[PDB]
Amino acid sequence: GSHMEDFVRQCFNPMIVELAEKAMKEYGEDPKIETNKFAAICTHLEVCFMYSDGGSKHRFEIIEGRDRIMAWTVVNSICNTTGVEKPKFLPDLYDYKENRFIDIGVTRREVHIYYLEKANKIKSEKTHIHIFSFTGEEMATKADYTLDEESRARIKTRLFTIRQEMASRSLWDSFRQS
DNA sequence: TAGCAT
Ligand SMILES: [Mn+2]
């Protein structure tokens, strides 16, 4: 029974917490033990949903948050109807305005470190990468940041708030260093 | 699978 687990459950809304729990269990893993992975998955979900709220109403197909089988089904429907390349790893959103998949990532390292790791470990060229840090930096493919500044700014604000909440509980050093 | 580790 870790502090980190009880922190996560009062920091994120129940719908995000339930989707996180399902994602770790769908891959046979324990929120109670892998508490840093629990917090990261909740963080990734919250950013993806905040990001999809930033568009015009029909702009994005949400992939993140669905059962894996249904996620790939929706990816195949997009690739078959748009002709866009089928990504190798499950993306987070599909941008109907710019006709591309987006993979969002959140990092406690310098933004470019995770960006470059993603820009290889995913290879599948045409997928747009958008990285956010817990210090208010972002980095996106071709410096194309997809949303208005206000929509990205509220994401950066929320991430710094998660950081301060973890730090005020002495969970940040453990989280940052794991 | 998240993303930090290696
Ligand atoms: Mn992602």
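Labels below follow one simple rule: chain letters A, B, ... track the order of the sequence lines, proteins then strands, and each chain is numbered from 1.
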Rounded to whole Å, the CG-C1' distance (A:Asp92 to B:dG3) equals 12 Å
Point to revise | Cationic N near anionic O, under 4.0 Å, A:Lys88 to A:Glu125 | key: no
A:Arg109 has its side chain closest, among B:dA5, B:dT1, B:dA2, to B:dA5
note: A:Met166, atom CE; B:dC4, atom P; distance rounded to Å ~ 12 Å
Whole-Å distance, A:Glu29 CD to B:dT1 P, equals 14 Å
Residues at least two apart in sequence or cross-chain that pass side-chain contact (heavy atoms from CB on, under 4.5 Å) with A:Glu138, listed by chain then number, are A:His130, A:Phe132, A:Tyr145, A:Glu149, A:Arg152, A:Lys156
Pair A:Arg154 + A:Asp148: basic N to acidic O under 4.0 Å: no
Atom NZ of A:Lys118 and atom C1' of B:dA2 are separated, to the nearest Å, by 8 Å
To the nearest angstrom, the CD-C1' distance between A:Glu34 and B:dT1 comes to 12 Å
Here the distance between atom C1' of B:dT1 and atom CE of A:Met70, to the nearest Å, is 18 Å
Rounded to whole Å, CD of A:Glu117 lies from P of B:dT6 at a distance of 12 Å
From CD of A:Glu110 across to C1' of B:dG3 the rounded distance in Å is 16 Å
Is A:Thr107 near enough to B:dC4 that one of its side-chain N or O atoms lies under 4.0 angstrom from OP1 or OP2? yes
Sequence neighbours excluded, the answer for ring-ring contact (aromatic ring centres under 6.0 Å, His included) partners of A:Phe160 is none
Under-4.0 Å side-chain N/O to phosphate OP1/OP2 contact, A:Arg108 with B:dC4 | yes
